[PDB]
Each structure stands twice: as structure tokens, then as C-alpha cells.
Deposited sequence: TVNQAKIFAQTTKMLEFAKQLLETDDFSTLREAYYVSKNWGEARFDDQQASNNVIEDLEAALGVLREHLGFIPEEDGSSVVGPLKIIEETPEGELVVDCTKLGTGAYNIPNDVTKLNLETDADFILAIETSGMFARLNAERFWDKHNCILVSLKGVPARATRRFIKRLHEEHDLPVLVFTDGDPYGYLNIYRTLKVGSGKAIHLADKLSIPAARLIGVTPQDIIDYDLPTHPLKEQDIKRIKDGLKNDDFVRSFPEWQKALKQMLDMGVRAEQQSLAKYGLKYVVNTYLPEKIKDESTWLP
């Protein structure tokens, strides 16, 4: 009810004050369990605690992480021309993302305290961890002076924040590379573009429906769920309804009746994505979706 949520919001704001004064954070689950000390104002369930944090963000006009409340999910992996810098009592901590070798930097749950320095030309957001592995191994980021960020499915909040900060703070175009399927377009790419953390300038450079034809990619048939996702999008999705190229691309995929994974390029060689497809796709912005 009214008064209970208000009392809980008051306790949550006192907790946020204590977090900020102690340079600390609380994950969403941590907050819920801290609320078990609030007697009759304790949260009954995790969702109710999350609801107050979401509502504080909406009511104060401040990102939840700036109030001290951070996600349970960590961010993805990053490699490339970028220094992540943190100030400490002893001095300066620098993580050079061109010196991580086979591995990468794991984006933390909260990226608020990271300082970012880079002369990269753009960010390449890559759906799969397997594709990130191939692009990292072949040093695609060096030749093309771009930051690689994996998404690993629909990007976590921390991943979205990391990419958005790079984009906004360093004027870096966000080029997105997903599988060529409805989930890639309407869930993974769409979440980056549309969602406070949205990046409206983000561009899907590929696997487009027309890419499947142009590069003759090994395909798989659309499944029942894929077709429904497309149809639902064309009818109800406001993102799809705003961009005629997206409407056309989705109608084309439905007519083709097939889809293709981004690693299907390996039929033409393990380096084909690195030396032929990506270079061609990044150069030709008439083939991007938006």
C-alpha cells in the first residue's frame, strides 16, 4: 500500500545516503537482504525491493547506480585500444586493453568509477563470445583501431552502460554485429538501441537478411517462434514501425524463411569474417540497417 511503500522508499534513500557517504554500493539482492533489518518496512520479496529502486531512479531522475544500487549481472568482455583508469590512495591503476592477450577485461557490475581513455575510431559490439574470441585472436581491434565489446545475448545493464559511456564520452560510433535472426535484431540489437541506457545512434552493420543472400551464408530455417517474433514486431513494435529499412528487412527475412548465424562465415574460411566480411560491411554504410 501507499504508506508502506513510502516508508520503504524513505529507508531505501537513507541506505543510499550511507552508500554514497562510504563510497560503497549495494547489489539488488544485497539491498533486499539489508531491508530485513527494517522491522515492519522490510521487503516481502525481491521484486518489491527492485520496484522501489526502479521507482527512485524514475522519481529522482538519477541512474540507480549513482544512488549506489548495482546489478546482479556483470558486464561482458572488452579488448582493444582503450585504457581503463582508476584513482587510488596509492596512485593510479591502469588497465590497457591492448595488452590482455588471449583473454580480455571483464566489465564489472558497476562501471561508474571507471575512467576511460581512448583514441579508437569506433566500438564493435559483437553478439557471440565465439565471434569475440576469433576477432580478439586475429587482432581485429588493432588493424581497425576499434574497441571490441561482446554482448553474449541481450546485453546486461553494465554492458549497455559501458558501451554508452564510450559512445557519449568519446564520440564513438556503435557498430553492432549479431547473428542474422529475429532474436539478434529484435532483442539484442533492439535492447542496445531502444532499451535511459538506450543508444539511438547504434547501427546494425550485420548479419542482415540481405547479407545472407550476398555472402551466400549457410542457413537454418526460421522456427515457429522466429516467425511470431517478426510478425509481432511488424505489427506492434514502435522501433520497427519508425524505420522503413527495418520493416523491409524483417519482411524480407520472413519471405526468405531462413536465418544465419554470424559464425556461418567460417564456411569461407576462419579468417573470412576478419578479412572479407567485416571490412566490407564496416565500409559500406548503405548496407547497415538503420
Deposited residues without C-alpha coordinates, grouped into stretches that follow sequence order = 1-2, 198-206
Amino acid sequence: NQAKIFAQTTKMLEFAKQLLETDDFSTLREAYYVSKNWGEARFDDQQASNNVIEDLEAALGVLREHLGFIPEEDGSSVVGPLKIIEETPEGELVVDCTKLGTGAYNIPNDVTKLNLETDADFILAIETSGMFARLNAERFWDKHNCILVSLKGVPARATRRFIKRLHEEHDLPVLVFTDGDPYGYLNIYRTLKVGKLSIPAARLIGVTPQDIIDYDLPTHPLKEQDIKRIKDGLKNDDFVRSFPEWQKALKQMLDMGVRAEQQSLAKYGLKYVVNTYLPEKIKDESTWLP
From here on, numbers count along this sequence of modelled residues.
task = Could you check the entry and say whether 210-218 or 85-93 has the higher mean CA B-factor?
result = 85-93
task = Check the entry's C-alpha temperature factors for 175-183 and 109-117, then say which stretch has the higher mean.
result = 109-117
task = Sort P155, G101, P71, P200 by C-alpha B-factor from the entry and give me just the highest.
result = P200
inquiry  = If I read the C-alpha B-factors straight from the PDB entry, which of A31, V258, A48, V62 is highest?
reply    = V62
inquiry  = Taking only the Cα B-factors deposited for this chain, tell me whether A133 sits in the lowest, middle or highest third.
reply    = lowest
ask   = When the modelled residues of the chain are sorted by Cα temperature factor, does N37 land in the lowest, middle or highest third?
value = highest
ask   = Ranked by Cα temperature factor within the chain, is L20 in the lowest third, the middle third or the highest third?
value = middle
inquiry  = For the chain shown, is the CA B-factor of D142 in the lowest, middle or highest third of its modelled residues?
reply    = middle
inquiry  = Lowest, middle or highest third: which one holds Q252 when the chain's residues are ordered by CA B-factor from the entry?
reply    = middle
